[PDB]
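Below you will find one chain, with nothing else, as structure tokens; this is the form solved without indole (IND), and questions on how it binds or moves follow later.
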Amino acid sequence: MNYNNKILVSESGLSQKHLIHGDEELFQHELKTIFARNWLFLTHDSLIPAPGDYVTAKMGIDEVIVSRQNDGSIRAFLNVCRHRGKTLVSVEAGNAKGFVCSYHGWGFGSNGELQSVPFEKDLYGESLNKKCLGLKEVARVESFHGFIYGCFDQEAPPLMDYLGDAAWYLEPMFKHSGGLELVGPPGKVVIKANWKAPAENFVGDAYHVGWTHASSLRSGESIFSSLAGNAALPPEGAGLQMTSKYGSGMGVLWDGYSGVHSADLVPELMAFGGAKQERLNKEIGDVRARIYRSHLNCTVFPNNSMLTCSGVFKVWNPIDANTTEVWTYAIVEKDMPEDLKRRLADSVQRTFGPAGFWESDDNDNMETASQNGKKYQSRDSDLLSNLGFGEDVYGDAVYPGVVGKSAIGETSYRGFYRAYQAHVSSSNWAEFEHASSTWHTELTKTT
């Protein structure tokens, strides 16, 4: 397939070829143009707070070691020995000053440097240039209020710029609430879906909630329980959708601070968020203080998703075109009482974890949609994302980004796929930028 010319995503993001969820050649191409190019979630400060603390993470199909340096910074390295290519670290987290390879015993520092080689003097003499044999380093590592992302591409925009208009929506919770912590370890489960299926679902899919999750809504008794079975459409102005230049996007459901949490946690959460909102009104203004305690379903392009308030934090780790490894963490506000944080963390896993009754509702949707992308008669068919098209705005006085002023639509799908197509057809960041010079105009056509 010629990725320069092939129209995988139609103008304005209105449709996508179904093959994008099944094609293995395209998957290989995404490793290059999506995952080796863009910012990917690694970990949180709260998981590696002290010098020497480390975790392993995936970046696309690569595995990296993410380590807290002596000077407080974080560096990340390919988890691959520089000698004969063995995986260096076989655990998920720990604390160490270095990593010794179990094959021939080369010892690398927490800083990635080749520090020691067994019998170096007797074997290599002064011949080994250890200075050139440090672990392959992730070019860029940046923090968004404690959340650490990495990028293999030195030419990438800074993480803050990359978040674009989405950053404004995240800041109330990520910054102004006093800060978040990630509660680990994550649940990890393999699903038979393309990474883009859950990514698109979290970026912009409010439409499915009432029908897909009818049973969970009815059973769990959460603040959204009236949606069950499409018995009721949310009020006018119940929320909105947004998207951004680099593909990140989210839904906003006004005031839904208890999110998917079952009746047992609703009163406590609604009290906590409401009390913080009252304090935030004076600091960041009414609208943004209200955003803090509104439920955001967001995807940070390409494969990191979250539900604020519900506290669900996801990484959709790609394996092949119909395989994804799902990592599920809980996010909690640092100043919540510890007992509430524990219960909130359990409730996130209860609903969206490996045995998450909500997450299980989505399994068949994602898996069959992805697998149908391989089927001959479906490859060239068009997945539709036209809901709300011609009603989106850009440059609104209050809400930034390309914005659909309705709770349910496909605004965020269109922006996600616009960015996806611009990347897959581009060779580098300069070409993506050229391809994206009229991004918001493309998204608001017929408006």
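Counting begins at 1, following the sequence as shown.
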* To do: Can you let me know which of the two, 128 to 136 or 96 to 104, has the higher average C-alpha B-factor in the entry?
  => 128 to 136
* Structure fact -> As the entry reports it, the stretch among 186 to 194 and 206 to 214 with higher mean C-alpha B factor is 206 to 214
* Asked: Whose C-alpha has the highest temperature factor in the PDB entry: 246, 376, 119, 327?
  -> 119
* Could you tell me which one of 412, 406, 33, 421 shows the highest CA temperature factor in the PDB record? => 406
* Asked: Looking at the C-alpha B-factor of residue 396, is it in the lowest, middle or highest third of its chain?
  -> middle
* **Cα B factor band for residue 288 (lowest, middle or highest third within the chain)** => highest
* residue 47 CA temperature factor, ranked by third within the chain -> middle
* Relative to the other modelled residues of the same chain, rank the CA B-factor of residue 70 and answer lowest, middle or highest third. => highest
* Mind checking which third residue 77 falls in for C-alpha B-factor across the chain? -> lowest
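The same protein also has a form solved in complex with indole (IND), omitted here; what follows describes it.
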* Pick from 151, 240, 344, 209: which residue has any heavy atom within 4.5 angstroms of indole (IND) in the bound PDB entry? -> 209
* May I ask you to choose, among 111, 201, 323, 371, the residue with a heavy atom within 4.5 Å of indole (IND) in the bound PDB entry? => 201
* To do: Could you confirm whether residue 165 comes within 4.5 Å of indole (IND) in the bound PDB entry, counting heavy atoms only?
  => no
* Asked: With the partner left out of view, is residue 173 within 4.5 angstroms of indole (IND) in the bound PDB entry by any non-hydrogen atom?
  -> no
* Hey, in the bound PDB entry, is residue 307 touching indole (IND), heavy atoms inside 4.5 Å? -> yes
* **Contact flag, residue 253 vs indole (IND) in the bound PDB entry, heavy atom cut 4.5 Å** => yes
* Asked: Where, among 293 to 301, 261 to 269, 140 to 148, 231 to 239, do residues come within 4.5 Å of indole (IND) in the bound PDB entry by heavy atom distance?
  -> 293 to 301
